[PDB]
């Protein structure tokens, strides 16, 4: 697998090591892992490492929050593959009022009190910025079990759906939270087109590196929860080529999106619309794209 050249340079949060031990340690203590093999695979994935690659400029005392949220979402993402759409939906919907703090968790159920305590701790640190992550998370959760996954999609329709399933919006809200980066509604409206383009990069890069894993899952897990829903197989079907061929083509498209990102940001600046906050934001998006790819290239989650 040979990735075409990119001009995006990845950055990792300085405290990645100590935060990793902290967050992995917490989940190894509280989360219901089935066995030792699963615990080792969990650590081998490096969910805090990818988070620190996502948000390398996160504040030192907020990066752990982001690591916890993405870690539990990664774990749930895998759980859903053994469920039907119905079971998966019931599972996520139960966590939504708990995430809001409107419903108390069952303390005997790890996922519930982990989710509850997390959001409570985030609201305690920064109430306004924490609340703005909620609905983007709920949007992502509901996309995970959407029956549209089991229906024919073209590349365009897929990317539109996958913007929710890849959690583009929650990642943006979480990035801002972790950086303490407050943006006005008008500012956010200005970078909407940039966000949409960034989403496609995130989605397809992940699709390429995680295809072998998801292929195996589709053959072994639940026929619904583990269904093969990805740009790799969509393009392979549309063009009647192998998945390996589709990856090579999609890789080139990812670099086109990197080029579009730079063009859109350059236009934003030229029109005098790139505020200091917006400048930090679009740079943050670039970190997400390059960080995700670096991790995807090396994580044992995708290679084994």
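Residue numbers count along the first chain shown, from 1.
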Look over 213 to 221 and 148 to 156 in the entry and identify the one with the greater average Cα temperature factor.
148 to 156
Name the higher of the two by mean Cα B-factor in the PDB entry, 265 to 273 versus 248 to 256.
265 to 273
Among 118, 198, 134, 76 - the residue whose C-alpha B-factor is largest in the record:
134
Listed options 143, 103, 130, 208: highest C-alpha B factor recorded at 103
CA B-factor ranking of residue 30, expressed as a third of its chain
highest
On the chain's distribution of Cα B-factors, residue 176 falls within the third called highest
Would you please rank residue 291 by its C-alpha temperature factor against the other modelled residues of its chain and give the third it falls in: lowest, middle or highest?
lowest
Sorting by Cα B-factor within the chain, modelled residues only, which third would residue 170 end up in: lowest, middle or highest?
middle
By the recorded C-alpha temperature factor, relative to the other modelled residues in its chain, which third is residue 162 in?
lowest
